[PDB]
$ cat final_24.cif   # mmCIF, C-alpha atoms
data_model
#
loop_
_atom_site.group_PDB
_atom_site.id
_atom_site.type_symbol
_atom_site.label_atom_id
_atom_site.label_comp_id
_atom_site.auth_asym_id
_atom_site.auth_seq_id
_atom_site.Cartn_x
_atom_site.Cartn_y
_atom_site.Cartn_z
ATOM 1 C CA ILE A 1 0.000 0.000 0.000
ATOM 2 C CA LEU A 2 0.878 3.708 -0.138
ATOM 3 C CA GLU A 3 0.360 4.297 3.597
ATOM 4 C CA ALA A 4 1.094 1.303 5.828
ATOM 5 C CA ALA A 5 4.112 -0.832 6.524
ATOM 6 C CA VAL A 6 1.874 -3.850 7.044
ATOM 7 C CA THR A 7 -0.722 -5.015 4.513
ATOM 8 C CA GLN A 8 -3.159 -7.902 5.013
ATOM 9 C CA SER A 9 -4.990 -9.630 2.146
ATOM 10 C CA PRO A 10 -7.665 -10.303 1.483
ATOM 11 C CA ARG A 11 -9.486 -7.877 3.799
ATOM 12 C CA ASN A 12 -12.495 -10.240 3.600
ATOM 13 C CA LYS A 13 -12.859 -13.949 3.033
ATOM 14 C CA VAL A 14 -15.876 -16.264 2.685
ATOM 15 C CA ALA A 15 -15.090 -19.984 2.818
ATOM 16 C CA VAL A 16 -17.226 -23.115 2.671
ATOM 17 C CA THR A 17 -16.353 -25.677 5.391
ATOM 18 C CA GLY A 18 -13.530 -27.811 4.057
ATOM 19 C CA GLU A 19 -11.984 -25.246 1.730
ATOM 20 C CA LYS A 20 -8.316 -24.299 2.071
ATOM 21 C CA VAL A 21 -7.836 -20.640 3.055
ATOM 22 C CA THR A 22 -4.580 -18.684 2.944
ATOM 23 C CA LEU A 23 -4.258 -15.183 4.460
ATOM 24 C CA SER A 24 -1.355 -12.944 3.443
ATOM 25 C CA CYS A 25 0.651 -10.616 5.734
ATOM 26 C CA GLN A 26 3.107 -8.374 3.866
ATOM 27 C CA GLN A 27 5.470 -5.877 5.517
ATOM 28 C CA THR A 28 7.976 -3.732 3.673
ATOM 29 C CA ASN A 29 9.985 -2.546 6.737
ATOM 30 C CA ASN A 30 12.522 -5.409 6.905
ATOM 31 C CA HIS A 31 10.891 -6.560 10.143
ATOM 32 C CA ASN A 32 12.401 -9.704 11.632
ATOM 33 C CA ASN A 33 9.331 -10.830 13.608
ATOM 34 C CA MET A 34 5.861 -11.537 12.206
ATOM 35 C CA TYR A 35 2.677 -12.610 14.056
ATOM 36 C CA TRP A 36 -0.837 -13.874 13.370
ATOM 37 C CA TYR A 37 -3.620 -13.241 15.896
ATOM 38 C CA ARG A 38 -7.281 -14.203 16.008
ATOM 39 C CA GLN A 39 -9.529 -11.587 17.572
ATOM 40 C CA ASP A 40 -12.002 -12.898 20.174
ATOM 41 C CA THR A 41 -15.492 -11.586 20.986
ATOM 42 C CA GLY A 42 -14.046 -9.407 23.740
ATOM 43 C CA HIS A 43 -11.633 -7.961 21.133
ATOM 44 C CA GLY A 44 -8.718 -9.832 22.640
ATOM 45 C CA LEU A 45 -5.957 -10.804 20.235
ATOM 46 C CA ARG A 46 -4.938 -14.450 20.611
ATOM 47 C CA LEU A 47 -1.575 -15.548 19.116
ATOM 48 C CA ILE A 48 -1.814 -18.351 16.584
ATOM 49 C CA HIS A 49 1.684 -18.595 15.123
ATOM 50 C CA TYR A 50 4.703 -16.284 14.826
ATOM 51 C CA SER A 51 8.101 -16.063 13.161
ATOM 52 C CA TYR A 52 11.593 -14.811 14.048
ATOM 53 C CA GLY A 53 12.769 -14.650 10.408
ATOM 54 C CA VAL A 54 12.663 -16.217 6.916
ATOM 55 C CA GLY A 55 12.071 -19.954 7.061
ATOM 56 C CA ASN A 56 11.002 -19.923 10.712
ATOM 57 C CA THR A 57 7.570 -20.499 12.256
ATOM 58 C CA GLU A 58 6.760 -20.948 15.933
ATOM 59 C CA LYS A 59 3.451 -21.996 17.492
ATOM 60 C CA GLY A 60 1.477 -19.565 19.652
ATOM 61 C CA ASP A 61 -1.326 -20.243 22.175
ATOM 62 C CA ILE A 62 -3.988 -21.303 19.652
ATOM 63 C CA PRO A 63 -2.149 -23.102 16.764
ATOM 64 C CA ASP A 64 -4.627 -26.006 16.216
ATOM 65 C CA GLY A 65 -6.276 -26.039 12.769
ATOM 66 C CA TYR A 66 -3.669 -23.402 11.318
ATOM 67 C CA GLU A 67 -0.257 -23.599 9.834
ATOM 68 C CA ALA A 68 2.075 -20.741 8.979
ATOM 69 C CA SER A 69 4.711 -19.995 6.386
ATOM 70 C CA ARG A 70 7.508 -17.417 6.267
ATOM 71 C CA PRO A 71 8.785 -17.831 2.697
ATOM 72 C CA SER A 72 10.396 -14.359 2.487
ATOM 73 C CA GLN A 73 11.301 -11.442 4.759
ATOM 74 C CA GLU A 74 8.091 -9.661 3.750
ATOM 75 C CA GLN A 75 5.554 -12.432 3.847
ATOM 76 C CA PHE A 76 3.990 -14.356 6.734
ATOM 77 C CA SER A 77 1.099 -16.558 5.559
ATOM 78 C CA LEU A 78 -1.613 -18.135 7.662
ATOM 79 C CA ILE A 79 -3.043 -21.330 6.152
ATOM 80 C CA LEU A 80 -6.283 -23.109 7.096
ATOM 81 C CA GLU A 81 -5.902 -26.434 5.311
ATOM 82 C CA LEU A 82 -9.559 -27.305 5.864
ATOM 83 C CA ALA A 83 -11.696 -24.409 7.142
ATOM 84 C CA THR A 84 -14.286 -24.963 9.901
ATOM 85 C CA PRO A 85 -17.018 -22.695 11.241
ATOM 86 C CA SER A 86 -15.148 -22.368 14.593
ATOM 87 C CA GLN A 87 -12.606 -20.402 12.543
ATOM 88 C CA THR A 88 -15.107 -17.678 11.646
ATOM 89 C CA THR A 89 -13.559 -14.539 13.147
ATOM 90 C CA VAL A 90 -11.487 -11.407 12.550
ATOM 91 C CA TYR A 91 -7.728 -12.012 12.134
ATOM 92 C CA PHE A 92 -4.926 -9.487 12.580
ATOM 93 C CA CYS A 93 -1.346 -9.863 11.568
ATOM 94 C CA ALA A 94 1.514 -7.818 13.008
ATOM 95 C CA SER A 95 5.255 -7.330 12.533
ATOM 96 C CA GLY A 96 8.251 -5.596 14.121
ATOM 97 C CA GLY A 97 11.691 -5.979 15.732
ATOM 98 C CA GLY A 98 12.064 -6.338 19.528
ATOM 99 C CA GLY A 99 8.781 -5.521 21.329
ATOM 100 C CA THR A 100 7.435 -3.383 18.445
ATOM 101 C CA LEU A 101 4.111 -4.260 16.804
ATOM 102 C CA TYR A 102 3.045 -2.764 13.482
ATOM 103 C CA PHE A 103 -0.622 -4.272 12.918
ATOM 104 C CA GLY A 104 -2.399 -4.995 9.664
ATOM 105 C CA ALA A 105 -5.913 -3.624 9.126
ATOM 106 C CA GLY A 106 -7.639 -6.979 9.646
ATOM 107 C CA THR A 107 -9.282 -9.753 7.686
ATOM 108 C CA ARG A 108 -12.887 -10.801 8.295
ATOM 109 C CA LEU A 109 -13.314 -14.547 7.743
ATOM 110 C CA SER A 110 -16.715 -16.290 7.511
ATOM 111 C CA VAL A 111 -16.719 -20.103 7.133
ATOM 112 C CA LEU A 112 -20.146 -21.369 5.994
#

$ encode --input "final_24.cif" --output "structure tokens"
Amino acid sequence: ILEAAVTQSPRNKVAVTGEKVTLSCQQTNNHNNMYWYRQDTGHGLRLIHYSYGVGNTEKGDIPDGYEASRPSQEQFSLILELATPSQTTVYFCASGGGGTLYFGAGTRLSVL
């Protein structure tokens, strides 16, 4: 984008149960760390998977039923191999070095 260091795509996603879904997190700031959170109904952000650099993924608190991929410095992808309605939610990605968090604008996912 023209304005933000962190871009999420798509901004919306409708899946049918059983479809594979991939969400993209792209940052252009050379950030070492990337993160994927699911937002809960109290607007809490729950960590799914994160990454310390290219090629690395680490599991967060709620990894089950997601995988992650850090194929480049810029890109941290969240994959739902087989989407389920319990995965209907808003998802936010983030990136930074150290304790810094630059957040994406969010992706709304509905699994039907």

$ resolve_selection --input "final_24.cif" --expression "the PyMOL selection byres ((chain A and resi 30) around 7)" --output "list in words"
residues 28, 29, 31, 32, 73 and 74 of chain A

$ closest_residue --input "final_24.cif" --among "A:17, A:33, A:39, A:12" --to "residue 58 of chain A" --atoms "all atoms listed in the file"
A:33

$ resolve_selection --input "final_24.cif" --expression "the PyMOL selection byres ((chain A and resi 49) around 12)" --output "count of residues only"
35

$ closest_residue --input "final_24.cif" --among "A:103, A:112, A:43, A:88" --to "residue 5 of chain A" --atoms "all atoms listed in the file"
A:103

$ resolve_selection --input "final_24.cif" --expression "the PyMOL selection byres ((chain A and resi 1) around 12)" --output "ChimeraX atom specification"
/A:2-9,26-28,104-105

$ axis_aligned_box --input "final_24.cif" --around "segment 25-40 of chain A" --padding-each-side "3 Å" --output "JSON"
{"center_x": 0.3, "center_y": -8.4, "center_z": 11.9, "size_x": 30.5, "size_y": 17.7, "size_z": 22.5}

$ atom_distance --input "final_24.cif" --atom1 "atom CA of residue 19 of chain A" --atom2 "atom CA of residue 44 of chain A"
26.2 Å

$ atom_distance --input "final_24.cif" --atom1 "atom CA of residue 15 of chain A" --atom2 "atom CA of residue 40 of chain A"
19.0 Å

$ closest_residue --input "final_24.cif" --among "A:80, A:53, A:90, A:95" --to "residue 25 of chain A" --atoms "all atoms listed in the file"
A:95

$ closest_residue --input "final_24.cif" --among "A:41, A:100, A:75, A:87" --to "residue 21 of chain A" --atoms "all atoms listed in the file"
A:87

$ closest_residue --input "final_24.cif" --among "A:107, A:97, A:84, A:24" --to "residue 72 of chain A" --atoms "all atoms listed in the file"
A:24

$ atom_distance --input "final_24.cif" --atom1 "atom CA of residue 42 of chain A" --atom2 "atom CA of residue 22 of chain A"
24.7 Å

$ closest_residue --input "final_24.cif" --among "A:89, A:98, A:83, A:108" --to "residue 16 of chain A" --atoms "all atoms listed in the file"
A:83
